[PDB]
Each structure stands twice: as C-alpha cells, then as structure tokens.
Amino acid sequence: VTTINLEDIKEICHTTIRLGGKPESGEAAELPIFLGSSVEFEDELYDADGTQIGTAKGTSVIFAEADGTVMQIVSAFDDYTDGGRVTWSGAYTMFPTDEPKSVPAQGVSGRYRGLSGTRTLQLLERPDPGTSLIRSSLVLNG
C-alpha cells in the first residue's frame, strides 16, 4: 500500500489577479450574472534543499456557499520533475487568509498514477500583488 508524502514544499506562486464584477457588455450583461474575483497562478515547487521539484498551474475564483461564508474554488495540477502529474481541485473557506488550506488531489501519471489524497497550501508572505510565497504538502494514498 504505497504512500507518497511530500512535505515542506516551498512554492513561489506568480499571481495574475482580476477583481471581476458586474459584466457591462456582451452576452453576460443581459443575464443575472456576477464575475467573481479570480487569480491565474503559475508556481514553482522547491524541496527544502532548494531543488526545483516541479511546477504548478491553476485558477481560483471567489464565491459564497449557501450559508454566506466566503469561499474559493480552485482547479489546478502539479507537473513534477520526476515524471508525473497530480491534479487537485475543490473549495475552501477564504478566511482566515493565513490559515492552511486543503483540497482533494488525484495522481494521474508517473509514479503518482492511481493515488489520491490532499494538497495543502498556506500563505507565508505576499511581497507584491504578482507574487505569493507558500509552504505546501502533498499526501497521496492507494
């Protein structure tokens, strides 16, 4: 029963933010629709030694669930240097913002294929609007 367990990953996250809002022209303007704030992000993954273990790409949008709690929905994947890809996606409470956040993950290729689990992220520093610093962990089981 194999367990992949990447801990204390250092994630440089390059963030392209759009606040969205009420659509003002196009097909969306004629509909009861609001454009959520979104972030397109492009990450580099490093182990403790400072070696690049992979990359990441995904997108996250803000919304609120049935009770009014502010949430975010993410869809993303990691391409790791040794071969495989791991997808991760789900919703998580937005606040507090320095809290560790987790969503289910699924290994799809390489040595991760057929394994599922959880990808975790936690904001450490936000030097500027285009860069976020995160410590991550990945736990996969099968």
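We number the residues from 1 along the sequence you see.
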| message | Tell me which stretch, 97 to 105 or 32 to 40, has the higher mean Cα B-factor listed in the entry. | response | 97 to 105
| message | Averaging CA B factors per stretch from the PDB record, which one is higher: 120 to 128 or 14 to 22? | response | 120 to 128
| Residue of maximum C-alpha B factor among 51, 69, 59, 89, per deposited coordinates | 51
| query | How does residue 6 rank on Cα B-factor within its chain, lowest, middle or highest third? | reply | highest
| remark: Sorting the chain's modelled residues by C-alpha B-factor and splitting them into thirds places residue 78 in the lowest
